[PDB]
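Heads up, run-v3.txt below (compact mmCIF, C-alpha atoms):
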# COMPACT_ATOMS: atom_id res chain seq x y z
CA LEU A 642 30.10 -1.67 -3.31
CA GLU A 643 27.60 -4.50 -2.95
CA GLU A 644 25.80 -4.02 0.36
CA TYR A 645 25.79 -0.34 -0.67
CA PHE A 646 23.94 -0.96 -3.94
CA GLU A 647 21.00 -2.69 -2.25
CA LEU A 648 20.16 0.45 -0.28
CA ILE A 649 20.28 2.46 -3.52
CA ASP A 650 17.93 -0.05 -5.13
CA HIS A 651 15.53 0.09 -2.19
CA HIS A 652 15.51 3.89 -2.42
CA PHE A 653 14.83 3.76 -6.15
CA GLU A 654 12.07 1.17 -5.79
CA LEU A 655 10.38 3.49 -3.30
CA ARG A 656 10.79 6.39 -5.75
CA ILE A 657 9.23 4.42 -8.61
CA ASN A 658 6.37 3.30 -6.36
CA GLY A 659 5.77 6.93 -5.44
CA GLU A 660 5.65 8.02 -9.07
CA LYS A 661 3.15 5.25 -9.83
CA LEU A 662 0.98 6.21 -6.86
CA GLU A 663 1.01 9.84 -8.01
CA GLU A 664 0.08 9.06 -11.61
CA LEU A 665 -2.80 6.97 -10.23
CA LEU A 666 -3.91 9.81 -7.95
CA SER A 667 -3.98 12.02 -11.04
CA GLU A 668 -6.55 9.77 -12.73
CA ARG A 669 -8.63 9.49 -9.57
CA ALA A 670 -8.68 13.28 -9.22
CA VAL A 671 -9.70 13.70 -12.87
CA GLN A 672 -12.58 11.26 -12.36
CA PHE A 673 -13.69 13.12 -9.24
CA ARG A 674 -13.59 16.45 -11.07
CA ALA A 675 -15.62 15.10 -14.00
CA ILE A 676 -18.33 13.63 -11.78
CA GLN A 677 -18.36 16.84 -9.73
CA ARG A 678 -18.91 18.93 -12.86
CA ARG A 679 -21.76 16.63 -13.88
CA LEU A 680 -23.35 17.07 -10.46
CA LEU A 681 -22.90 20.85 -10.61
CA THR A 682 -24.65 20.86 -13.99
CA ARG A 683 -27.51 18.86 -12.47
CA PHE A 684 -27.62 21.40 -9.63
CA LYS A 685 -27.76 24.55 -11.76
CA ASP A 686 -30.61 23.04 -13.79
CA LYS A 687 -34.14 23.95 -12.70
CA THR A 688 -35.96 20.79 -13.72
CA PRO A 689 -35.90 17.81 -11.34
CA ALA A 690 -34.18 14.63 -12.46
CA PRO A 691 -32.94 11.31 -11.06
CA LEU A 692 -29.38 11.50 -9.79
CA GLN A 693 -28.79 8.22 -11.70
CA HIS A 694 -26.49 7.14 -8.84
CA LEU A 695 -23.99 9.86 -9.76
CA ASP A 696 -23.60 10.48 -6.03
CA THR A 697 -22.59 6.84 -5.59
CA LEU A 698 -19.88 7.15 -8.24
CA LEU A 699 -18.75 10.34 -6.51
CA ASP A 700 -18.52 8.55 -3.15
CA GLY A 701 -16.57 5.68 -4.69
CA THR A 702 -14.15 8.05 -6.39
CA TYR A 703 -13.73 10.01 -3.15
CA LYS A 704 -12.87 6.81 -1.27
CA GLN A 705 -10.33 5.94 -3.96
CA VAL A 706 -8.78 9.41 -3.73
CA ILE A 707 -8.47 9.26 0.07
CA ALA A 708 -6.93 5.78 -0.10
CA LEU A 709 -4.41 6.94 -2.70
CA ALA A 710 -3.57 10.05 -0.66
CA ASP A 711 -2.84 7.95 2.42
CA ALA A 712 -0.75 5.60 0.29
CA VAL A 713 1.29 8.51 -1.07
CA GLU A 714 1.83 9.84 2.46
CA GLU A 715 3.11 6.49 3.70
CA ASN A 716 5.33 6.15 0.63
CA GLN A 717 6.78 9.61 1.30
CA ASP A 718 7.63 8.59 4.87
CA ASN A 719 9.22 5.33 3.73
CA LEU A 720 11.20 7.21 1.07
CA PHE A 721 12.48 9.64 3.70
CA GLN A 722 13.62 6.82 5.97
CA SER A 723 15.34 5.12 3.03
CA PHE A 724 17.04 8.39 2.09
CA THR A 725 18.44 8.88 5.60
CA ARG A 726 19.73 5.30 5.71
CA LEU A 727 21.27 5.78 2.26
CA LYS A 728 22.96 8.97 3.47
CA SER A 729 24.56 7.02 6.31
CA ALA A 730 25.65 4.26 3.91
CA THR A 731 27.23 6.67 1.43
CA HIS A 732 28.97 8.46 4.30
CA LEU A 733 30.55 5.14 5.23
CA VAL A 734 31.43 4.41 1.61
CA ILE A 735 33.20 7.75 1.10
CA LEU A 736 35.06 7.10 4.36
CA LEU A 737 36.19 3.66 3.19
CA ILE A 738 37.26 5.06 -0.18
CA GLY A 739 39.23 7.88 1.44
CA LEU A 740 40.97 5.29 3.59
CA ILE B 573 -40.38 -35.32 -5.73
CA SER B 574 -42.63 -33.10 -3.61
CA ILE B 575 -44.67 -32.14 -6.68
CA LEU B 576 -44.80 -35.79 -7.75
CA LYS B 577 -45.99 -36.86 -4.30
CA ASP B 578 -48.75 -34.25 -4.24
CA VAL B 579 -50.01 -34.84 -7.78
CA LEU B 580 -49.92 -38.63 -7.52
CA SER B 581 -51.80 -38.49 -4.22
CA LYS B 582 -54.36 -36.28 -5.97
CA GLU B 583 -54.72 -38.80 -8.80
CA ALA B 584 -55.10 -41.62 -6.27
CA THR B 585 -57.81 -39.75 -4.37
CA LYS B 586 -59.50 -39.18 -7.73
CA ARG B 587 -59.43 -42.84 -8.76
CA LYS B 588 -59.93 -44.46 -5.31
CA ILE B 589 -56.59 -46.21 -4.94
CA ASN B 590 -55.24 -45.41 -1.44
CA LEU B 591 -51.62 -45.98 -2.42
CA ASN B 592 -48.63 -46.08 -0.06
CA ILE B 593 -45.81 -43.52 -0.24
CA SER B 594 -42.34 -43.93 1.24
CA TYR B 595 -39.80 -41.17 0.66
CA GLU B 596 -36.13 -40.61 1.53
CA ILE B 597 -33.71 -37.68 1.55
CA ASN B 598 -29.99 -37.31 0.96
CA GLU B 599 -28.98 -34.70 3.52
CA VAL B 600 -26.63 -33.07 0.97
CA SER B 601 -29.05 -32.71 -1.96
CA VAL B 602 -30.17 -29.26 -0.79
CA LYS B 603 -26.52 -28.21 -0.78
CA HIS B 604 -26.16 -29.43 -4.37
CA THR B 605 -29.27 -27.60 -5.56
CA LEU B 606 -28.16 -24.39 -3.84
CA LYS B 607 -24.72 -24.67 -5.44
CA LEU B 608 -26.52 -25.10 -8.77
CA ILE B 609 -28.66 -22.01 -8.18
CA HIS B 610 -25.87 -19.73 -6.88
CA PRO B 611 -24.33 -18.81 -10.29
CA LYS B 612 -27.71 -17.74 -11.68
CA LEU B 613 -28.52 -15.43 -8.77
CA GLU B 614 -24.97 -14.07 -8.85
CA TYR B 615 -25.35 -13.28 -12.55
CA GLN B 616 -28.72 -11.60 -12.03
CA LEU B 617 -27.39 -9.42 -9.21
CA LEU B 618 -24.32 -8.43 -11.23
CA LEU B 619 -26.67 -7.63 -14.12
CA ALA B 620 -28.65 -5.26 -11.91
CA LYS B 621 -25.54 -3.68 -10.40
CA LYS B 622 -24.02 -2.92 -13.80
CA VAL B 623 -27.21 -1.65 -15.43
CA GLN B 624 -27.69 0.70 -12.47
CA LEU B 625 -24.53 2.59 -13.49
CA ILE B 626 -24.68 2.11 -17.28
CA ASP B 627 -26.54 5.36 -17.96
CA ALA B 628 -24.62 7.40 -15.38
CA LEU B 629 -21.38 6.32 -17.05
CA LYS B 630 -22.85 7.04 -20.49
CA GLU B 631 -23.48 10.63 -19.38
CA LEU B 632 -19.75 10.91 -18.68
CA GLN B 633 -18.87 9.16 -21.95
CA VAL B 634 -20.28 11.92 -24.18
CA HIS B 635 -17.66 14.39 -22.89
CA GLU B 636 -13.84 14.45 -23.21
CA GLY B 637 -13.88 11.38 -25.47
CA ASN B 638 -12.77 8.95 -22.71
CA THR B 639 -9.03 9.12 -23.30
CA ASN B 640 -7.44 9.03 -19.84
CA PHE B 641 -9.93 9.19 -16.95
CA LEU B 642 -12.52 6.39 -16.86
CA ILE B 643 -11.61 3.54 -14.51
CA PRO B 644 -10.95 0.24 -16.33
CA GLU B 645 -13.64 -1.36 -14.16
CA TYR B 646 -16.46 0.74 -15.61
CA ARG B 647 -14.64 0.76 -18.95
CA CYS B 648 -15.47 -2.95 -19.11
CA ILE B 649 -19.13 -1.91 -18.88
CA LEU B 650 -19.01 0.97 -21.38
CA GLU B 651 -18.56 -1.49 -24.26
CA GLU B 652 -21.07 -4.20 -23.29
CA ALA B 653 -23.64 -1.62 -22.12
CA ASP B 654 -25.93 -2.71 -24.96
CA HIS B 655 -26.04 -6.40 -24.04
CA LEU B 656 -26.32 -5.53 -20.34
CA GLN B 657 -29.28 -3.23 -21.03
CA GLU B 658 -31.07 -5.74 -23.26
CA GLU B 659 -30.64 -8.52 -20.69
CA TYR B 660 -31.88 -6.25 -17.88
CA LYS B 661 -35.24 -6.19 -19.68
CA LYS B 662 -35.64 -9.93 -19.08
CA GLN B 663 -33.86 -10.04 -15.70
CA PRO B 664 -36.84 -9.38 -13.36
CA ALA B 665 -38.76 -12.43 -14.58
CA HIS B 666 -35.71 -14.64 -13.97
CA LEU B 667 -35.18 -13.11 -10.53
CA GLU B 668 -38.81 -13.67 -9.52
CA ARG B 669 -38.68 -17.24 -10.84
CA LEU B 670 -35.49 -17.93 -8.89
CA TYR B 671 -36.97 -16.51 -5.69
CA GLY B 672 -40.08 -18.63 -6.13
CA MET B 673 -38.03 -21.76 -6.80
CA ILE B 674 -35.88 -21.15 -3.72
CA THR B 675 -38.88 -20.57 -1.47
CA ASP B 676 -40.59 -23.72 -2.79
CA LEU B 677 -37.38 -25.69 -2.23
CA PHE B 678 -37.16 -24.41 1.35
CA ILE B 679 -40.84 -25.03 2.14
CA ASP B 680 -40.79 -28.54 0.66
CA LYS B 681 -37.52 -29.66 2.26
CA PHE B 682 -39.01 -28.62 5.59
CA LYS B 683 -42.34 -30.22 4.68
CA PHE B 684 -40.83 -33.68 4.22
CA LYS B 685 -39.76 -33.79 7.87
CA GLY B 686 -43.39 -33.16 8.82
CA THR B 687 -43.18 -29.43 9.58
CA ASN B 688 -45.10 -26.39 8.34
CA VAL B 689 -42.78 -23.43 7.76
CA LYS B 690 -45.04 -21.29 5.57
CA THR B 691 -44.40 -18.44 8.04
CA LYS B 692 -40.60 -18.00 7.81
CA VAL B 693 -40.86 -16.91 4.16
CA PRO B 694 -40.38 -13.12 4.67
CA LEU B 695 -37.07 -13.66 6.47
CA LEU B 696 -35.95 -15.74 3.48
CA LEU B 697 -37.07 -12.94 1.15
CA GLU B 698 -34.98 -10.44 3.12
CA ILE B 699 -32.00 -12.83 3.09
CA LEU B 700 -32.28 -13.07 -0.69
CA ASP B 701 -32.44 -9.29 -0.94
CA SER B 702 -29.10 -9.53 0.87
CA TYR B 703 -28.07 -12.93 -0.59
CA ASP B 704 -25.22 -14.04 1.63
CA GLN B 705 -24.89 -17.54 0.16
CA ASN B 706 -23.25 -18.88 3.32
CA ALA B 707 -25.86 -17.16 5.48
CA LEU B 708 -28.42 -18.57 3.04
CA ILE B 709 -27.27 -22.17 3.55
CA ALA B 710 -27.07 -21.46 7.29
CA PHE B 711 -30.70 -20.32 7.33
CA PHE B 712 -31.56 -23.42 5.30
CA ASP B 713 -29.96 -25.87 7.74
CA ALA B 714 -30.98 -24.06 10.94
CA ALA B 715 -34.53 -22.79 10.34
CA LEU C 2 -35.85 2.00 -53.67
CA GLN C 3 -32.21 2.35 -52.61
CA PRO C 4 -30.85 4.71 -49.93
CA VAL C 5 -29.25 7.51 -51.92
CA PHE C 6 -26.91 8.15 -49.00
CA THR C 7 -26.03 6.52 -45.68
CA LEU C 8 -23.94 7.50 -42.67
CA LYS C 9 -23.37 6.51 -39.05
CA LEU C 10 -23.44 9.15 -36.30
CA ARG C 11 -21.98 8.03 -32.98
CA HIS C 12 -24.57 9.93 -30.90
CA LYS C 13 -27.88 8.58 -29.64
CA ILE C 14 -30.64 10.70 -31.17
CA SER C 15 -33.62 11.52 -29.00
CA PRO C 16 -36.69 10.26 -30.85
CA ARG C 17 -38.98 13.23 -31.52
CA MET C 18 -36.17 15.83 -31.57
CA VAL C 19 -34.86 16.05 -35.15
CA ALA C 20 -34.82 18.87 -37.69
CA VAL C 21 -33.23 19.82 -41.01
CA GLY C 22 -32.28 23.46 -41.47
CA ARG C 23 -30.08 25.52 -43.77
CA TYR C 24 -28.16 27.04 -40.89
CA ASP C 25 -25.57 28.53 -43.27
CA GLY C 26 -28.41 30.14 -45.25
CA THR C 27 -27.90 27.88 -48.28
CA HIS C 28 -26.25 24.79 -46.72
CA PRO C 29 -28.73 22.37 -45.14
CA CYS C 30 -27.66 20.59 -41.96
CA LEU C 31 -29.14 18.24 -39.36
CA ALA C 32 -29.95 19.23 -35.78
CA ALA C 33 -30.74 16.46 -33.32
CA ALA C 34 -30.90 16.13 -29.55
CA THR C 35 -28.67 13.70 -27.67
CA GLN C 36 -28.06 12.32 -24.19
CA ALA C 37 -26.70 14.64 -21.47
CA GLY C 38 -28.72 17.55 -22.89
CA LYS C 39 -26.55 18.35 -25.91
CA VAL C 40 -27.77 19.11 -29.43
CA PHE C 41 -25.56 18.00 -32.29
CA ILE C 42 -25.32 19.49 -35.78
CA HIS C 43 -24.24 17.45 -38.80
CA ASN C 44 -23.08 19.84 -41.53
CA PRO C 45 -23.20 17.89 -44.81
CA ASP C 65 -18.40 16.80 -39.11
CA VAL C 66 -20.60 16.81 -36.01
CA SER C 67 -20.60 19.94 -33.83
CA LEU C 68 -21.99 19.88 -30.30
CA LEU C 69 -24.07 22.57 -28.61
CA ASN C 70 -24.23 22.46 -24.80
CA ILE C 71 -27.84 23.02 -23.89
CA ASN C 72 -26.73 21.58 -20.52
CA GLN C 73 -30.38 20.75 -19.93
CA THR C 74 -32.75 17.94 -20.92
CA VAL C 75 -34.22 18.92 -24.29
CA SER C 76 -37.88 18.19 -25.02
CA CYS C 77 -38.53 19.87 -28.40
CA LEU C 78 -36.48 20.79 -31.45
CA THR C 79 -37.32 22.28 -34.84
CA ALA C 80 -35.85 24.65 -37.42
CA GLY C 81 -37.41 27.21 -39.71
CA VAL C 82 -37.51 30.79 -40.92
CA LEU C 83 -38.31 33.08 -37.99
CA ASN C 84 -37.42 36.44 -39.57
CA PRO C 85 -38.03 36.40 -43.35
CA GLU C 86 -35.71 39.39 -43.81
CA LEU C 87 -32.76 36.98 -43.98
CA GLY C 88 -32.59 33.54 -45.55
CA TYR C 89 -31.28 31.50 -42.61
CA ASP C 90 -32.99 28.74 -40.67
CA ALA C 91 -33.25 29.32 -36.92
CA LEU C 92 -32.56 26.31 -34.71
CA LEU C 93 -35.19 26.13 -31.97
CA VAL C 94 -34.61 24.17 -28.76
CA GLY C 95 -37.35 23.71 -26.18
CA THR C 96 -36.95 22.59 -22.59
CA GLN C 97 -39.53 21.92 -19.88
CA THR C 98 -38.76 25.40 -18.54
CA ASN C 99 -37.05 27.30 -21.40
CA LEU C 100 -37.15 28.03 -25.13
CA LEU C 101 -34.18 29.12 -27.23
CA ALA C 102 -33.85 30.30 -30.80
CA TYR C 103 -30.33 30.03 -32.17
CA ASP C 104 -28.64 31.43 -35.27
CA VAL C 105 -25.96 28.75 -35.61
CA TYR C 106 -24.10 30.60 -38.38
CA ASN C 107 -23.46 33.77 -36.37
CA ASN C 108 -23.85 32.18 -32.96
CA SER C 109 -26.27 34.60 -31.31
CA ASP C 110 -29.51 34.04 -29.45
CA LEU C 111 -32.51 35.28 -31.40
CA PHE C 112 -34.50 34.99 -28.18
CA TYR C 113 -34.04 32.99 -24.97
CA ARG C 114 -37.47 33.02 -23.36
CA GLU C 115 -38.38 31.34 -20.07
CA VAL C 116 -41.78 29.70 -20.36
CA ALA C 117 -42.42 28.14 -16.91
CA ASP C 118 -45.21 26.19 -18.61
CA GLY C 119 -42.87 23.81 -20.45
CA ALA C 120 -42.03 22.87 -24.02
CA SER C 121 -43.73 19.58 -24.84
The structure in this file should be written as structure tokens.
Amino acid sequence: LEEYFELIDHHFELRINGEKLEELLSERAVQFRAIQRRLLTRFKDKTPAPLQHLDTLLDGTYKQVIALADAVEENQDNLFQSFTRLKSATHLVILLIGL
Amino acid sequence: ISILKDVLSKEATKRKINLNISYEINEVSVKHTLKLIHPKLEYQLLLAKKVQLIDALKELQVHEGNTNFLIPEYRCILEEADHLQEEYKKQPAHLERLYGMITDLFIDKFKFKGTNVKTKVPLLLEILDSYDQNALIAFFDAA
Amino acid sequence: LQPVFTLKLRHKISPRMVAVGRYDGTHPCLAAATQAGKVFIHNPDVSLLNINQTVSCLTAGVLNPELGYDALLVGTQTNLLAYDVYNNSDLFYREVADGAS
């Protein structure tokens, strides 16, 4: 009941980190969509105009989104490993309670 | 001291004096002057970098009221956009003055040793367009 | 004198693009260009109109004297749009190709 709780806490820390990463990816995606709509509006327009470095903001946001996606993937893998190890631990704990 | 040397020699040649100069250099003074200059050039470059994106971010500001999406980084610029824009008007004069002061410092600190380095200026201009302060001091000490 | 009324509108007004027009027929309102190519309308609340295009002219007047409404005109370097703000309906959306300066 004490070396068993630390695995639970590791699992839950990974879960919380995943939720944070996902709520950050949400904001990054919203930024990307907004800048993309601005660029589409500039495209549909006939008259020429400076891009005002909107493409640079788009590139920055795209880099942020890719970084966050890779982070979420790695967190998913870590969470899966932690879940398997926790399954083994709780197997042992049920065994030791049934004995 | 370079300006003083030149102007006093000019006055002497005017008034027929033929004075005697004897200078001296602390080999760390250039480092001190460059450390003095560095904050000003850093501030000018940050000024330019923020005012480049001010208007692009303002185009995004007019929609969706900026409740949840704008990054805090550019959110720090959305407020002070006004002061940034009104300082950008005066920035180019300060940048040109700083570049001139740096090139005069370089030319003079090589002139005291007896050299003539009026030719390496464009490389220094390119370095300042990049402005790697450590590469800047390296170019100062090396050539 | 003294300003008989004052108010602060949060939108940057483009300089030469301002008009006053009774867009409700008897209720005068303010039409003024803004950044991003949007034209705002102050009724006495501000209402936005997505021109989605950099405005270059703006006026307001009586274009058909049969009715008593002011028509909001919006010119762009390649377009020209009359707008009945009350019953939102284009009076005419002409494409100039010479510009609206």
### Given only C-alpha atoms as the counted atoms, nearest of C:73, C:9, C:90, C:84 to residue 687 of chain A
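So, comparing all the options, the nearest one is C:73.
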### Message
Would you mind listing, as a VMD selection string, all residues of chain A that have at least one atom within 7 Å of chain B, where all atoms listed in the file are what counts?
### Response
chain A and resid 668 671 to 672 693 to 695
Save the residues we just selected, C-alpha atoms, as a PDB file, keeping the file's coordinate frame?
ATOM      1  CA  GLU A 668      -6.550   9.770 -12.730  1.00  0.00           C
ATOM      2  CA  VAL A 671      -9.700  13.700 -12.870  1.00  0.00           C
ATOM      3  CA  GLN A 672     -12.580  11.260 -12.360  1.00  0.00           C
ATOM      4  CA  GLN A 693     -28.790   8.220 -11.700  1.00  0.00           C
ATOM      5  CA  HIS A 694     -26.490   7.140  -8.840  1.00  0.00           C
ATOM      6  CA  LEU A 695     -23.990   9.860  -9.760  1.00  0.00           C
TER       7      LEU A 695
END
Sort by chain and increasing residue number a table of all residues of chain C within 10 Å of chain A, each with its closest pair of atoms and their distance in Å to one decimal, counting all atoms listed in the file, and write it as a Markdown table.
| residue | atom | partner | partner_atom | distance |
| --- | --- | --- | --- | --- |
| C:37 | CA | A:679 | CA | 9.3 |
| C:72 | CA | A:682 | CA | 6.9 |
| C:73 | CA | A:686 | CA | 6.6 |
| C:74 | CA | A:688 | CA | 8.4 |
| C:96 | CA | A:688 | CA | 9.1 |
| C:97 | CA | A:688 | CA | 7.2 |
| C:98 | CA | A:688 | CA | 7.2 |
| C:99 | CA | A:687 | CA | 9.8 |
### Task
At a cut-off of 10 Å, list the chain C residues touching chain B, using all atoms listed in the file, as a ChimeraX atom specification.
/C:11-13,35-39
Kindly export the residues of the current selection with C-alpha atoms, as a PDB file, in the coordinates of the input.
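The resulting file, result22.pdb, is reproduced below:
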ATOM      1  CA  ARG C  11     -21.980   8.030 -32.980  1.00  0.00           C
ATOM      2  CA  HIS C  12     -24.570   9.930 -30.900  1.00  0.00           C
ATOM      3  CA  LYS C  13     -27.880   8.580 -29.640  1.00  0.00           C
ATOM      4  CA  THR C  35     -28.670  13.700 -27.670  1.00  0.00           C
ATOM      5  CA  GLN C  36     -28.060  12.320 -24.190  1.00  0.00           C
ATOM      6  CA  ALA C  37     -26.700  14.640 -21.470  1.00  0.00           C
ATOM      7  CA  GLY C  38     -28.720  17.550 -22.890  1.00  0.00           C
ATOM      8  CA  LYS C  39     -26.550  18.350 -25.910  1.00  0.00           C
TER       9      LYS C  39
END
### Query
With all atoms listed in the file as the atoms that count, which of B:668, B:596, B:680, B:658 lies nearest to residue 578 of chain B?
B:680
### Task
Give me the residues within 6 Å of residue 32 of chain C as a PyMOL selection string, counting only C-alpha atoms and dropping any in the same chain fewer than 2 places off.
chain C and resi 19-20+41-42
### Task
Pick out the residues sitting within 8 Å of residue 658 of chain A, and hand them over as an MDAnalysis selection string; count only C-alpha atoms, and ignore anything fewer than 4 positions along from it in its own chain.
chainID A and resid 654 662 716
### Message
Just to confirm, what's the straight-line distance from atom CA of residue 30 of chain C to atom CA of residue 43 of chain C in Å (one decimal)?
### Response
5.6 Å
### Query
Just how far from atom CA of residue 28 of chain C is atom CA of residue 82 of chain C, in Å to one decimal?
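Atom-to-atom, atom CA of residue 82 of chain C and atom CA of residue 28 of chain C are spaced 14.0 Å apart.
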### Task
Would you kindly return, as an MDAnalysis selection string, each protein, DNA or RNA residue with an atom no farther than 12 Å from any atom of residue 723 of chain A, considering all atoms listed in the file and excluding same-chain residues fewer than 5 positions away?
chainID A and resid 647:656 716:718 728:730
Could you write those residues out with C-alpha atoms, as a tab-separated table (two decimals), in the coordinates of the input?
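Written output follows (again-v8.tsv):
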chain	number	residue	atom	x	y	z
A	647	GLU	CA	21.00	-2.69	-2.25
A	648	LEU	CA	20.16	0.45	-0.28
A	649	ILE	CA	20.28	2.46	-3.52
A	650	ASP	CA	17.93	-0.05	-5.13
A	651	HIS	CA	15.53	0.09	-2.19
A	652	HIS	CA	15.51	3.89	-2.42
A	653	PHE	CA	14.83	3.76	-6.15
A	654	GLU	CA	12.07	1.17	-5.79
A	655	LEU	CA	10.38	3.49	-3.30
A	656	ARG	CA	10.79	6.39	-5.75
A	716	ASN	CA	5.33	6.15	0.63
A	717	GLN	CA	6.78	9.61	1.30
A	718	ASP	CA	7.63	8.59	4.87
A	728	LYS	CA	22.96	8.97	3.47
A	729	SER	CA	24.56	7.02	6.31
A	730	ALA	CA	25.65	4.26	3.91
